[PDB]
Structure formats: structure tokens, C-alpha cells
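Visitor: If you scroll down you'll find the structure; I have some questions about it.
Readers should treat all values here as calculations from the given coordinates under stated rules, not as data from a laboratory. Cβ: placed from backbone, ideal geometry, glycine included. Neighbour counts: every protein chain shown.
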Amino acid sequence: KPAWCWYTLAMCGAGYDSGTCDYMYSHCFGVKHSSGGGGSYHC
Ligand SMILES: *[C@@H]1O[C@H](CO)[C@@H](O)[C@H](O)[C@H]1NC(C)=O
Ligand SMILES: *[C@@H]1O[C@H](CO)[C@@H](O)[C@H](O)[C@H]1NC(C)=O
């Protein structure tokens, strides 16, 4: 994994954050869930 994530422990969401995440929603933990596809950037 990159220098942003760590594992699938799923820290945030369980009080670790203001229930708020970032890199996790980037399909790094497997918690995010959408109807379409997402996971894109305006690079
Ligand atoms: C969550 O963020 C709020 C500010 O938006 C802050 O006041 C609060 O202490 C934070 N809580 C945690 C667990 O990070
Ligand atoms: C596009 O931006 C990404 C970072 O979001 C960067 O890693 C990549 O090198 C950039 N590619 C080009 C062609 O600018």
C-alpha cells in the first residue's frame, strides 16, 4: 500500500475520525460503496 493507507483494519468510521475518511474512500480499505463507478480525478 501507499504512504496514505495501511491495511483493511478500517480505523476511521469507528470513532477514529470525525466520522470522516479520505484515502479509505479511494478503494483502499474496501468500505466505500457506490452505484456507478466513481474513483476518478480531474487530473
Ligand atoms: C471531529 O472534527 C471536529 C471538528 O469538525 C472536532 O471538533 C472533533 O474533536 C473531531 N473529533 C474527532 C474524533 O476527531
Ligand atoms: C497527473 O496528476 C497526477 C496526480 O494527480 C500525477 O501523478 C501525474 O504525473 C499527472 N500526469 C500528467 C500527465 O500530468
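Visitor: Answer yes or no as to whether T8 is within 16 Å of ligand 1 (Cβ to nearest atom), out of contact with any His (no Cβ under 7 Å at 6 or more places or on another chain) and in a loop (DSSP other than H, G, I, E, B).
Guide: Spelling it out, it is not the case that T8 is within 16 Å of ligand 1 (Cβ to nearest atom), out of contact with any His (no Cβ under 7 Å at 6 or more places or on another chain) and in a loop (DSSP other than H, G, I, E, B).
Visitor: Taking interchain pairs and intrachain pairs at least six residues apart, which have beta carbon atoms under 8 angstrom, with the first residue in segment 13-40 and closer than 19 Å to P2 by Cβ and of a type outside the set (F, W, Y) and the second away from ligand 1 (no atom under 16 Å from the Cβ) and outside any loop (DSSP other than H, G, I, E, B)?
Guide: Partner pairs satisfying both residue conditions: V31/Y25; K32/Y25; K32/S26; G39/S26.
Visitor: Does segment 28-43 contain at least one residue that is part of a loop (DSSP other than H, G, I, E, B), under 8 Å from the mean Cα position of the chain (by Cα) and among the aliphatic types (A, V, I, L, M)?
Guide: yes
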